[PDB]
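> Take this structure first; my questions come after.
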Amino acid sequence: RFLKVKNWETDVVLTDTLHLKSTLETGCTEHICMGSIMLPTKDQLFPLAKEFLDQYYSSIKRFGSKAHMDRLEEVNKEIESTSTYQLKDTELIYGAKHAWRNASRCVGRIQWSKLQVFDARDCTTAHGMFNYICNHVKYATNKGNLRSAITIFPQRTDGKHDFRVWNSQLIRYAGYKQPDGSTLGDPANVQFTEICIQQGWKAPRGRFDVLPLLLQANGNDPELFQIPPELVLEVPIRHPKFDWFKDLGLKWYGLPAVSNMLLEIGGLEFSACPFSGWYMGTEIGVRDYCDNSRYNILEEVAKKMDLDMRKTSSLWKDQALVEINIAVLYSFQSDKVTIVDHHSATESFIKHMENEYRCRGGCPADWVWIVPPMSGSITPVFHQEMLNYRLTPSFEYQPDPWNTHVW
Amino acid sequence: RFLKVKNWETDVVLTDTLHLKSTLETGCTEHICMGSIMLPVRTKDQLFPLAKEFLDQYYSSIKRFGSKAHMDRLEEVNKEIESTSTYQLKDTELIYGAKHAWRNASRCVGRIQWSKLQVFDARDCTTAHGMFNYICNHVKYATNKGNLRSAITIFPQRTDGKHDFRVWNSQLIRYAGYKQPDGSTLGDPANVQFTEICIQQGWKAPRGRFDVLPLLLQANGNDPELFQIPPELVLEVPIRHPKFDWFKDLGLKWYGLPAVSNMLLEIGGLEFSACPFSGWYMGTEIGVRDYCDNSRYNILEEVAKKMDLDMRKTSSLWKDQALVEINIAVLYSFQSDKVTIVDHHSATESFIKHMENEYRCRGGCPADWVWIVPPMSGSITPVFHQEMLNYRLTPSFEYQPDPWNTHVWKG
Ligand code: HEM
Ligand code: HEM
Ligand SMILES: CNCCN(C)c1cc(CCc2cc(C)cc(N)n2)cc(C(F)(F)F)c1
Ligand SMILES: CNCCN(C)c1cc(CCc2cc(C)cc(N)n2)cc(C(F)(F)F)c1
Ligand SMILES: C[C@H](O)[C@H](O)[C@H]1CNc2nc(N)[nH]c(=O)c2N1
Ligand SMILES: C[C@H](O)[C@H](O)[C@H]1CNc2nc(N)[nH]c(=O)c2N1
Ligand SMILES: [Zn+2]
């Protein structure tokens, strides 16, 4: 019940004691591993609050203090009376940083303690939400010197007054279905893009149109807003060798900002909690650009390189894949926008893992997600055994709002 | 209970019922996933149900379930167990068993070929010399002058655990590794420990970068003995690159026949501790792992220099760039010499089809994503996008500890 993890490249062995604090379930059993599956009350509430306050008060070296006991007491009385409770600013911030710290699929967690937390719990309207989000975007972007941030909207009450950001990311490109039968723009956002139009957006039907925000406040119907274009930092994609690369017409945005997840702290649920950091190059160049059900540009790039696309064994796809990822990195660096390559990032994560094992007794990690989608085994994380388990506070997936929303 | 897997590229959803027949444990719990962990004397008591399950499967496959032939076989095995404490498999059961272990191997991307396996019954073997002869024949047969054929050779099953047949090599053909006094390694760093044993056992090492290791063979629980595979039986491929003429000058070659020889084959509760098996390589095994792992030949740097890449910042992706050209070279060299090999695109695409077919005809296909996804270019292969379910079925191939750690030396 004390578990070891081995790195098969360095022979370093770490002992995991942290998993014994695990609460939630994995989806795996003694008889079946689901490691590759993408998505596997006042009475309920109090022990959750308690579990959280215990780790909060432990973290500040005041476990079993009067102040600790006083807070447990106060929170308990508030639950019994109000059916919920409110987090102190200090607890809110601790919770957000620790939700990030606990995200087993995140390779960038060495940065976890340096998260700018924006308390947006006083927000009451979609306009308010828009304002808070423009401020987030501007702060995180910081003229290209990106800073990690989260903005936290009011917590769920009865599930009928939910705050939700309908976009999956604050900043994404639209996708439309052409009469051609093909797809224009980002195919992953076809359904969302339609909903924008079904709600009144006038799409300029381009290939790289920054989607508008669809914001839902206090359970009400969601509203449309356009992010000030001057706040959306974008990078034209060129190659340091291939002069022709720029004619491909590619560009991407600098700010990865996940906005559809659910933040859980002390049993309290934050359904609207957009957060952002900075890209690892492969996210854009391997997944966004080369995935078959995304921008899927491998073939066109291959042709421009005049590769032998006759047989798979010429590895023409692999060759182009590398150059495309060279270009992304080169373009962001040239425009001074923060980005990290997959080698630096995974090397960072190995140190973080080391630090966590040493200072916390473990680091929950999902190998399937941590190993980059290119060049896997030449990155050190590939040779690193990882233990995956669920800790709270946490970021959780939640259903898309349209399949839920009672208009 | 039914289970759903989704391919996130095609939205093809499949339904697993086969996991219901799963016996062994995974290492995972409701509270922990051990999916990325590499590695997470039987009595009559446990033996007959295992025998019975196997014979029930076999007779179902041949459409003779509940036949007099089926029932008589069960009773025969029952008697043989309770009288002799074990039992012998018919030739037909051994063949079926071996094919199904391969079929059940959740880490093997090459399973589309599982029904075409040449099974060599070496259960009449008694000595290490006999083992060598069988293994020579396996190599000659499987190699087939470059037109590779899958094969497995099966030596006598375990009895009391004190008379085990074992092949001490991890693979039948592998290069020596020698640790030097300065700390550097000559040849394959993965094989240093085994090379040392061989040398200690009396092997005269040539001490080059690509020395084929001798076989170290243990029969009937006796001390192991050394044998040199006839070099004419060892097919090798000099590695060159289709565009880079300096590549040949790196001095690289590799052997054509991948033959795992340290695993344990379990069939109907019987344990076959010596069961070398062989197929043909997927290109990345050599070009990505064998050549480019930091803990193996580790040639990325030398290749990158000769290519004149910007090696100062990793963000030049010089490592990535060199890796591709190396893997291009391996594929080119093998094809040019007409030695069977498959690229990772071709292999993973075939596996997806195999998998889908397995869900339809069998109710599932246990698969270890972590191992199935190739070590370069992950998401441009279709397996990356495929949800998989991992579970353990018998017959199976199992890990066993290295013999030198358990062997009782006779002297
Ligand atoms: C600052 C630099 C950061 C880097 C380099 C980074 C990198 C990554 C990458 C590559 C993934 C895999 C996601 C995918 O492939 O779609 C991921 C997942 C994730 N990250 Fe991070 N991230 C960063 C910041 C953050 C921050 C600031 C938070 C929260 C405050 C966060 C929380 C998460 C969560 C919850 C996931 C899982 C998302 C999912 O399951 O879809 N990350 N990260
Ligand atoms: C015919 C072409 C074949 C191909 C292309 C192939 C491919 C592979 C690859 C790439 C691996 C991962 C190896 C590694 O990364 O260390 C693997 C694993 C495995 N294969 Fe196959 N294989 C083939 C044939 C076979 C045969 C004939 C058998 C048995 C009869 C077999 C049984 C297994 C087993 C048990 C593993 C797991 C090994 C381990 O866990 O270390 N394969 N296969
Ligand atoms: C269910 N929400 C997650 C799914 N989404 C919308 C998502 C999200 C990302 C970004 C993940 C991420 C998040 C952050 C904060 C930083 C960073 N570098 N990367 C990339 C991508 C992808 F794969 F690049 F397309 C998709
Ligand atoms: C502990 N079990 C054996 C581990 N060994 C010695 C082994 C073996 C292989 C060969 C795997 C394989 C086996 C077969 C039958 C076909 C094929 N294409 N590849 C590759 C590799 C590796 F890792 F790719 F180099 C290692
Ligand atoms: C089916 C499989 O789980 C799916 O393709 C996963 C694999 N690993 C991943 N890893 C990351 N970082 N991001 C992803 O979207 C995925 N997708
Ligand atoms: C720790 C991790 O499980 C280990 O590096 C695994 C990853 N996946 C693999 N996949 C294959 N095919 N072969 C391997 O040796 C490994 N090694
Ligand atoms: Zn698992």
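Following the order of the structure tokens, chains are lettered A, B, ..., residues in each are numbered from 1, and ligands are numbered from 1.
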For ligand 3, list the contacting residues at 9 Å or closer, counting only C-alpha atoms and all ligand atoms, as an MDAnalysis selection string.
chainID A and resid 106:108 148:150 167:169 172 188 255:261 274:288 294 339:340 396:398
> Which residues sit within 7 Å of ligand 2, counting only C-alpha atoms and all ligand atoms, listed as a list in words?
residues 98, 99, 102, 105, 107, 108, 109, 110, 111, 113, 114, 117, 150, 151, 152, 277, 278, 279, 280, 281, 282, 285, 342, 347, 371 and 397 of chain B
> For residue 128 (chain A), work out the shell of residues within 12 Å, counting only C-alpha atoms and skipping chain neighbours fewer than 6 positions away, then give it as an mmCIF file with N, CA, C and O atoms, in the first residue's frame.

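Result file follows (selection30.cif):
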```cif
data_model
loop_
_atom_site.group_PDB
_atom_site.id
_atom_site.type_symbol
_atom_site.label_atom_id
_atom_site.label_comp_id
_atom_site.auth_asym_id
_atom_site.auth_seq_id
_atom_site.Cartn_x
_atom_site.Cartn_y
_atom_site.Cartn_z
ATOM 1 N N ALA A 120 -13.969 36.391 -8.787
ATOM 2 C CA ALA A 120 -15.088 37.011 -9.488
ATOM 3 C C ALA A 120 -16.425 36.611 -8.872
ATOM 4 O O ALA A 120 -17.441 36.605 -9.567
ATOM 5 N N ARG A 121 -16.434 36.280 -7.578
ATOM 6 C CA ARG A 121 -17.657 35.797 -6.936
ATOM 7 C C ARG A 121 -18.733 36.866 -6.723
ATOM 8 O O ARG A 121 -19.870 36.534 -6.392
ATOM 9 N N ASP A 122 -18.395 38.137 -6.925
ATOM 10 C CA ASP A 122 -19.398 39.198 -6.811
ATOM 11 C C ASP A 122 -20.140 39.465 -8.128
ATOM 12 O O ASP A 122 -21.022 40.314 -8.202
ATOM 13 N N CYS A 134 -12.318 39.843 -20.119
ATOM 14 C CA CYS A 134 -11.396 40.718 -20.844
ATOM 15 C C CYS A 134 -10.204 41.074 -19.963
ATOM 16 O O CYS A 134 -9.062 41.088 -20.425
ATOM 17 N N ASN A 135 -10.475 41.364 -18.694
ATOM 18 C CA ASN A 135 -9.408 41.644 -17.747
ATOM 19 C C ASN A 135 -8.466 40.443 -17.576
ATOM 20 O O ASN A 135 -7.242 40.601 -17.587
ATOM 21 N N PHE A 153 -15.946 32.440 -10.948
ATOM 22 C CA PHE A 153 -17.295 33.001 -10.846
ATOM 23 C C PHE A 153 -18.113 32.359 -9.711
ATOM 24 O O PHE A 153 -17.635 31.404 -9.101
ATOM 25 N N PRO A 154 -19.313 32.904 -9.385
ATOM 26 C CA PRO A 154 -19.997 32.389 -8.185
ATOM 27 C C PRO A 154 -20.267 30.880 -8.201
ATOM 28 O O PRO A 154 -20.447 30.284 -9.274
ATOM 29 N N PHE A 163 -23.451 29.566 -13.238
ATOM 30 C CA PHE A 163 -22.655 30.374 -14.157
ATOM 31 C C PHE A 163 -21.890 29.419 -15.074
ATOM 32 O O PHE A 163 -21.251 28.472 -14.607
ATOM 33 N N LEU A 215 -21.907 33.636 -22.753
ATOM 34 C CA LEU A 215 -21.774 33.664 -21.304
ATOM 35 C C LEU A 215 -23.120 33.519 -20.606
ATOM 36 O O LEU A 215 -24.093 34.182 -20.967
ATOM 37 N N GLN A 216 -23.155 32.649 -19.601
ATOM 38 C CA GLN A 216 -24.372 32.378 -18.847
ATOM 39 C C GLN A 216 -24.183 32.708 -17.363
ATOM 40 O O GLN A 216 -23.326 32.120 -16.674
ATOM 41 N N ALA A 217 -24.985 33.661 -16.894
ATOM 42 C CA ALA A 217 -24.935 34.155 -15.524
ATOM 43 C C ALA A 217 -26.175 33.709 -14.746
ATOM 44 O O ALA A 217 -27.295 33.819 -15.254
ATOM 45 N N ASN A 218 -25.970 33.230 -13.517
ATOM 46 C CA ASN A 218 -27.062 32.930 -12.582
ATOM 47 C C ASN A 218 -28.176 32.075 -13.185
ATOM 48 O O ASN A 218 -29.357 32.273 -12.890
ATOM 49 N N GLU A 223 -25.479 34.919 -23.299
ATOM 50 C CA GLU A 223 -25.414 36.080 -24.193
ATOM 51 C C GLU A 223 -24.114 36.112 -24.991
ATOM 52 O O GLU A 223 -23.102 35.563 -24.554
ATOM 53 N N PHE A 225 -20.805 37.968 -26.795
ATOM 54 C CA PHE A 225 -19.892 39.108 -26.727
ATOM 55 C C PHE A 225 -18.666 38.850 -27.593
ATOM 56 O O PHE A 225 -18.196 37.709 -27.696
#
```
> Could you list, with a cut-off of 10 Å and counting only C-alpha atoms and all ligand atoms, the residues of chain A near ligand 6, each shown with its nearest atom pair and the distance in Å rounded to one decimal, rows sorted by chain and ascending number, as a Markdown table?

```
| residue | atom | partner | partner_atom_place_in_ligand_line | distance |
| --- | --- | --- | --- | --- |
| A:5 | CA | ligand 6 | 1 (C) | 8.5 |
| A:6 | CA | ligand 6 | 1 (C) | 7.2 |
| A:7 | CA | ligand 6 | 1 (C) | 6.6 |
| A:8 | CA | ligand 6 | 5 (O) | 6.4 |
| A:9 | CA | ligand 6 | 5 (O) | 8.2 |
| A:367 | CA | ligand 6 | 3 (O) | 7.9 |
| A:368 | CA | ligand 6 | 7 (C) | 9.5 |
| A:371 | CA | ligand 6 | 7 (C) | 9.4 |
| A:376 | CA | ligand 6 | 7 (C) | 9.1 |
| A:377 | CA | ligand 6 | 5 (O) | 7.5 |
| A:380 | CA | ligand 6 | 5 (O) | 8.9 |
| A:381 | CA | ligand 6 | 1 (C) | 7.9 |
| A:382 | CA | ligand 6 | 5 (O) | 4.9 |
| A:383 | CA | ligand 6 | 5 (O) | 3.5 |
| A:384 | CA | ligand 6 | 1 (C) | 4.4 |
| A:385 | CA | ligand 6 | 1 (C) | 3.8 |
| A:386 | CA | ligand 6 | 1 (C) | 7.0 |
```
> Per residue of chain A within 6 Å of chain B, note the shortest atom pair and the distance in Å to one decimal, counting only C-alpha atoms, and order the rows by chain and increasing residue number, as JSON lines.

```
{"residue": "A:9", "atom": "CA", "partner": "B:295", "partner_atom": "CA", "distance": 6.0}
{"residue": "A:25", "atom": "CA", "partner": "B:30", "partner_atom": "CA", "distance": 5.2}
{"residue": "A:26", "atom": "CA", "partner": "B:30", "partner_atom": "CA", "distance": 5.3}
{"residue": "A:28", "atom": "CA", "partner": "B:30", "partner_atom": "CA", "distance": 5.3}
{"residue": "A:29", "atom": "CA", "partner": "B:29", "partner_atom": "CA", "distance": 4.5}
{"residue": "A:30", "atom": "CA", "partner": "B:25", "partner_atom": "CA", "distance": 5.2}
{"residue": "A:31", "atom": "CA", "partner": "B:25", "partner_atom": "CA", "distance": 5.2}
{"residue": "A:32", "atom": "CA", "partner": "B:391", "partner_atom": "CA", "distance": 4.9}
{"residue": "A:33", "atom": "CA", "partner": "B:390", "partner_atom": "CA", "distance": 5.1}
{"residue": "A:34", "atom": "CA", "partner": "B:389", "partner_atom": "CA", "distance": 5.7}
{"residue": "A:35", "atom": "CA", "partner": "B:35", "partner_atom": "CA", "distance": 5.8}
{"residue": "A:36", "atom": "CA", "partner": "B:387", "partner_atom": "CA", "distance": 5.3}
{"residue": "A:37", "atom": "CA", "partner": "B:387", "partner_atom": "CA", "distance": 5.3}
{"residue": "A:293", "atom": "CA", "partner": "B:9", "partner_atom": "CA", "distance": 5.9}
{"residue": "A:313", "atom": "CA", "partner": "B:343", "partner_atom": "CA", "distance": 5.6}
{"residue": "A:341", "atom": "CA", "partner": "B:315", "partner_atom": "CA", "distance": 5.7}
{"residue": "A:373", "atom": "CA", "partner": "B:378", "partner_atom": "CA", "distance": 4.9}
{"residue": "A:374", "atom": "CA", "partner": "B:377", "partner_atom": "CA", "distance": 4.3}
{"residue": "A:375", "atom": "CA", "partner": "B:376", "partner_atom": "CA", "distance": 4.2}
{"residue": "A:376", "atom": "CA", "partner": "B:375", "partner_atom": "CA", "distance": 5.1}
{"residue": "A:377", "atom": "CA", "partner": "B:375", "partner_atom": "CA", "distance": 5.0}
{"residue": "A:385", "atom": "CA", "partner": "B:37", "partner_atom": "CA", "distance": 5.2}
{"residue": "A:386", "atom": "CA", "partner": "B:36", "partner_atom": "CA", "distance": 5.8}
{"residue": "A:387", "atom": "CA", "partner": "B:34", "partner_atom": "CA", "distance": 5.8}
{"residue": "A:388", "atom": "CA", "partner": "B:33", "partner_atom": "CA", "distance": 5.1}
{"residue": "A:389", "atom": "CA", "partner": "B:32", "partner_atom": "CA", "distance": 5.0}
```
> I'd like to know which residues of region 50-256 of chain A are strand (DSSP E or B) (by DSSP, run on the backbone); could you write them as a PyMOL selection string?
chain A and resi 116-119+149-152+164-165+169+173+175-177+183-185+210+213-216+223-225+234-236+251-253
> For C-alpha atoms, I'd like the residues from the last selection saved as a PDB file, in the first residue's frame.

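What landed in selection01.pdb:
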```pdb
ATOM      1  CA  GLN A 116      -2.864  34.618 -10.305  1.00  0.00           C
ATOM      2  CA  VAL A 117      -6.336  34.064  -8.869  1.00  0.00           C
ATOM      3  CA  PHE A 118      -9.109  36.494  -9.814  1.00  0.00           C
ATOM      4  CA  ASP A 119     -12.018  36.384  -7.356  1.00  0.00           C
ATOM      5  CA  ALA A 149      -4.381  33.024 -14.312  1.00  0.00           C
ATOM      6  CA  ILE A 150      -7.796  31.779 -13.236  1.00  0.00           C
ATOM      7  CA  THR A 151     -11.011  33.780 -12.846  1.00  0.00           C
ATOM      8  CA  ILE A 152     -13.554  32.219 -10.479  1.00  0.00           C
ATOM      9  CA  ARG A 164     -21.240  28.805 -17.317  1.00  0.00           C
ATOM     10  CA  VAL A 165     -18.907  29.851 -20.106  1.00  0.00           C
ATOM     11  CA  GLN A 169     -11.652  27.859 -24.544  1.00  0.00           C
ATOM     12  CA  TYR A 173     -11.376  29.599 -34.198  1.00  0.00           C
ATOM     13  CA  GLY A 175     -15.807  25.980 -37.857  1.00  0.00           C
ATOM     14  CA  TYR A 176     -18.454  25.827 -40.585  1.00  0.00           C
ATOM     15  CA  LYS A 177     -19.867  23.042 -42.735  1.00  0.00           C
ATOM     16  CA  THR A 183     -15.237  21.759 -43.356  1.00  0.00           C
ATOM     17  CA  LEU A 184     -14.077  25.382 -43.109  1.00  0.00           C
ATOM     18  CA  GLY A 185     -12.049  26.526 -40.095  1.00  0.00           C
ATOM     19  CA  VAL A 210     -12.045  34.213 -33.364  1.00  0.00           C
ATOM     20  CA  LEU A 213     -18.027  34.494 -25.992  1.00  0.00           C
ATOM     21  CA  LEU A 214     -21.316  32.872 -24.962  1.00  0.00           C
ATOM     22  CA  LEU A 215     -21.774  33.664 -21.304  1.00  0.00           C
ATOM     23  CA  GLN A 216     -24.372  32.378 -18.847  1.00  0.00           C
ATOM     24  CA  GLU A 223     -25.414  36.080 -24.193  1.00  0.00           C
ATOM     25  CA  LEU A 224     -22.963  36.864 -27.015  1.00  0.00           C
ATOM     26  CA  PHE A 225     -19.892  39.108 -26.727  1.00  0.00           C
ATOM     27  CA  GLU A 234      -2.143  36.021 -32.570  1.00  0.00           C
ATOM     28  CA  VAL A 235       1.009  34.623 -34.221  1.00  0.00           C
ATOM     29  CA  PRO A 236       1.485  34.332 -38.008  1.00  0.00           C
ATOM     30  CA  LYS A 251      -1.767  31.479 -37.658  1.00  0.00           C
ATOM     31  CA  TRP A 252      -2.611  30.653 -34.046  1.00  0.00           C
ATOM     32  CA  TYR A 253      -3.520  32.535 -30.873  1.00  0.00           C
TER      33      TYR A 253
END
```
> With distances taken over only C-alpha atoms, which of B:290, B:215, B:178, B:91 is nearest to residue 133 (chain B)?
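Closest to residue 133 (chain B), using only C-alpha atoms: B:215.
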> Measuring between only C-alpha atoms, which one of B:362, B:410, B:42, B:158 shows the shortest distance to residue 16 (chain B)?
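Comparing B:362, B:410, B:42, B:158 against residue 16 (chain B), the winner is B:362.
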> Between CA of residue 189 (chain B) and CA of residue 352 (chain A), what distance in Å does the model show, to one decimal?
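CA of residue 352 (chain A) lies 28.0 Å from CA of residue 189 (chain B).
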> At what distance in Å, to one decimal, does CA of residue 109 (chain A) lie from atom 33 (C, counted along the ligand's line) of ligand 1?
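Value for the atom 33 (C, counted along the ligand's line) of ligand 1-CA of residue 109 (chain A) distance: 8.0 Å.
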> By how many Å are atom 19 (C, counted along the ligand's line) of ligand 1 and CA of residue 229 (chain A) apart?
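CA of residue 229 (chain A) lies at a distance of 25.9 Å from atom 19 (C, counted along the ligand's line) of ligand 1.
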> Return the single residue from A:66, A:147, A:405, A:127 that is closest to ligand 1, with distances computed using only C-alpha atoms and all ligand atoms.
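Going through A:66, A:147, A:405, A:127 one by one, the smallest distance to ligand 1 is for A:147.
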> Would you pick out the contacts of residue 262 (chain B) at 8 Å or less, using only C-alpha atoms, so that residues sharing its chain but fewer than 6 positions from it are not included, and give the list as a list in words?
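My list of contacting residues is residues 166, 167, 168, 169, 170, 171, 273, 274, 275, 276, 399, 400 and 402 of chain B.
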> Can you pull out every residue from region 75-156 of chain B that DSSP, working from the backbone, puts in alpha helix (DSSP H), and format the result as an MDAnalysis selection string?
chainID B and resid 75:84 91:103 128:143
> Now that the selection is made, can you save its residues with N, CA and C atoms as a compact mmCIF listing (two decimals), in the first residue's frame?

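Output saved as result.txt:
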```txt
# COMPACT_ATOMS: atom_id res chain seq x y z
N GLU B 75 -12.29 -35.79 -18.40
CA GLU B 75 -12.14 -36.86 -17.43
C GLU B 75 -10.72 -37.41 -17.47
N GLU B 76 -10.16 -37.48 -18.67
CA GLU B 76 -8.79 -37.93 -18.85
C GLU B 76 -7.81 -37.01 -18.11
N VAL B 77 -7.95 -35.71 -18.33
CA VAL B 77 -7.13 -34.71 -17.65
C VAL B 77 -7.33 -34.76 -16.12
N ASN B 78 -8.58 -34.92 -15.68
CA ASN B 78 -8.88 -35.04 -14.26
C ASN B 78 -8.07 -36.17 -13.64
N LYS B 79 -8.16 -37.35 -14.25
CA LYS B 79 -7.45 -38.55 -13.78
C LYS B 79 -5.95 -38.33 -13.75
N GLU B 80 -5.43 -37.77 -14.83
CA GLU B 80 -4.00 -37.59 -14.99
C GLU B 80 -3.48 -36.64 -13.92
N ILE B 81 -4.21 -35.55 -13.69
CA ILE B 81 -3.86 -34.63 -12.62
C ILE B 81 -3.81 -35.37 -11.28
N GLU B 82 -4.95 -35.84 -10.78
CA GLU B 82 -4.99 -36.44 -9.45
C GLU B 82 -4.09 -37.68 -9.24
N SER B 83 -3.57 -38.24 -10.33
CA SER B 83 -2.62 -39.35 -10.25
C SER B 83 -1.17 -38.90 -10.36
N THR B 84 -0.91 -37.93 -11.24
CA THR B 84 0.45 -37.51 -11.55
C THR B 84 0.73 -36.08 -11.10
N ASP B 91 -1.23 -32.17 -28.92
CA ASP B 91 -0.59 -31.27 -29.89
C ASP B 91 -1.54 -30.16 -30.32
N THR B 92 -2.81 -30.50 -30.51
CA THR B 92 -3.78 -29.55 -31.02
C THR B 92 -4.06 -28.45 -30.00
N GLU B 93 -4.05 -28.83 -28.72
CA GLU B 93 -4.31 -27.92 -27.61
C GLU B 93 -3.12 -26.99 -27.41
N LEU B 94 -1.92 -27.54 -27.55
CA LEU B 94 -0.70 -26.74 -27.46
C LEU B 94 -0.69 -25.64 -28.53
N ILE B 95 -0.99 -26.02 -29.78
CA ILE B 95 -1.02 -25.06 -30.89
C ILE B 95 -2.05 -23.95 -30.64
N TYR B 96 -3.29 -24.35 -30.36
CA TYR B 96 -4.37 -23.43 -30.00
C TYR B 96 -3.94 -22.53 -28.86
N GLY B 97 -3.39 -23.13 -27.81
CA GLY B 97 -2.96 -22.38 -26.64
C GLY B 97 -1.96 -21.28 -26.99
N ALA B 98 -0.94 -21.65 -27.75
CA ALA B 98 0.12 -20.72 -28.11
C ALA B 98 -0.40 -19.56 -28.98
N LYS B 99 -1.25 -19.89 -29.96
CA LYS B 99 -1.86 -18.86 -30.79
C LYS B 99 -2.69 -17.90 -29.95
N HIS B 100 -3.39 -18.43 -28.96
CA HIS B 100 -4.27 -17.57 -28.17
C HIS B 100 -3.52 -16.70 -27.18
N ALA B 101 -2.38 -17.18 -26.69
CA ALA B 101 -1.55 -16.35 -25.82
C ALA B 101 -1.12 -15.11 -26.60
N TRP B 102 -0.73 -15.32 -27.85
CA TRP B 102 -0.33 -14.20 -28.70
C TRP B 102 -1.56 -13.34 -28.94
N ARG B 103 -2.69 -13.98 -29.21
CA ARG B 103 -3.91 -13.24 -29.45
C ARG B 103 -4.29 -12.39 -28.25
N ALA B 128 20.61 -29.29 -22.94
CA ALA B 128 20.85 -27.95 -23.46
C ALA B 128 21.28 -28.05 -24.91
N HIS B 129 22.01 -29.12 -25.22
CA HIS B 129 22.38 -29.37 -26.60
C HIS B 129 21.12 -29.55 -27.45
N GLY B 130 20.15 -30.30 -26.95
CA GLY B 130 18.89 -30.45 -27.65
C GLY B 130 18.20 -29.09 -27.81
N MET B 131 18.31 -28.25 -26.79
CA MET B 131 17.70 -26.92 -26.86
C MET B 131 18.34 -26.12 -27.99
N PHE B 132 19.67 -26.16 -28.07
CA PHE B 132 20.41 -25.42 -29.09
C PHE B 132 19.95 -25.84 -30.48
N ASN B 133 19.81 -27.15 -30.69
CA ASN B 133 19.40 -27.65 -31.99
C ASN B 133 18.02 -27.15 -32.39
N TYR B 134 17.07 -27.22 -31.46
CA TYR B 134 15.74 -26.70 -31.70
C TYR B 134 15.76 -25.19 -32.04
N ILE B 135 16.54 -24.44 -31.27
CA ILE B 135 16.62 -22.99 -31.46
C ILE B 135 17.29 -22.64 -32.79
N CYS B 136 18.26 -23.44 -33.22
CA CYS B 136 18.88 -23.19 -34.51
C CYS B 136 17.84 -23.35 -35.60
N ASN B 137 17.04 -24.41 -35.49
CA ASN B 137 16.00 -24.67 -36.48
C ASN B 137 14.94 -23.57 -36.47
N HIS B 138 14.61 -23.07 -35.29
CA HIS B 138 13.61 -22.01 -35.19
C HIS B 138 14.11 -20.78 -35.98
N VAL B 139 15.37 -20.41 -35.74
CA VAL B 139 15.98 -19.27 -36.39
C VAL B 139 16.03 -19.42 -37.90
N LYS B 140 16.43 -20.59 -38.37
CA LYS B 140 16.54 -20.79 -39.80
C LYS B 140 15.14 -20.69 -40.39
N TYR B 141 14.18 -21.36 -39.75
CA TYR B 141 12.82 -21.37 -40.28
C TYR B 141 12.23 -19.96 -40.31
N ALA B 142 12.33 -19.27 -39.18
CA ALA B 142 11.68 -17.97 -39.03
C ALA B 142 12.30 -16.93 -39.97
N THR B 143 13.61 -16.99 -40.13
CA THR B 143 14.33 -16.03 -40.95
C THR B 143 13.96 -16.19 -42.42
```
> So that I can see what lies close to residue 402 (chain A), please list as a PyMOL selection string the residues with an atom at most 10 Å from it, counting only C-alpha atoms and leaving out residues fewer than 6 positions away in the same chain.
chain A and resi 166+192+195+222
> Can those selected residues be exported to a file as a PDB file, in the first residue's frame so that it contains N, CA and C atoms?

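Full text of part_35.pdb as output:
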```pdb
ATOM      1  N   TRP A 166     -19.868  29.046 -22.192  1.00  0.00           N
ATOM      2  CA  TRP A 166     -20.255  28.015 -23.154  1.00  0.00           C
ATOM      3  C   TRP A 166     -19.103  27.572 -24.058  1.00  0.00           C
ATOM      4  N   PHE A 192     -20.522  24.183 -31.745  1.00  0.00           N
ATOM      5  CA  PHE A 192     -20.547  25.417 -30.962  1.00  0.00           C
ATOM      6  C   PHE A 192     -20.780  26.624 -31.869  1.00  0.00           C
ATOM      7  N   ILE A 195     -24.354  27.119 -32.785  1.00  0.00           N
ATOM      8  CA  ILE A 195     -25.094  27.643 -31.638  1.00  0.00           C
ATOM      9  C   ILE A 195     -24.914  29.162 -31.497  1.00  0.00           C
ATOM     10  N   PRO A 222     -27.791  32.381 -22.067  1.00  0.00           N
ATOM     11  CA  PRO A 222     -26.444  32.888 -22.357  1.00  0.00           C
ATOM     12  C   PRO A 222     -26.441  34.000 -23.400  1.00  0.00           C
TER      13      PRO A 222
END
```
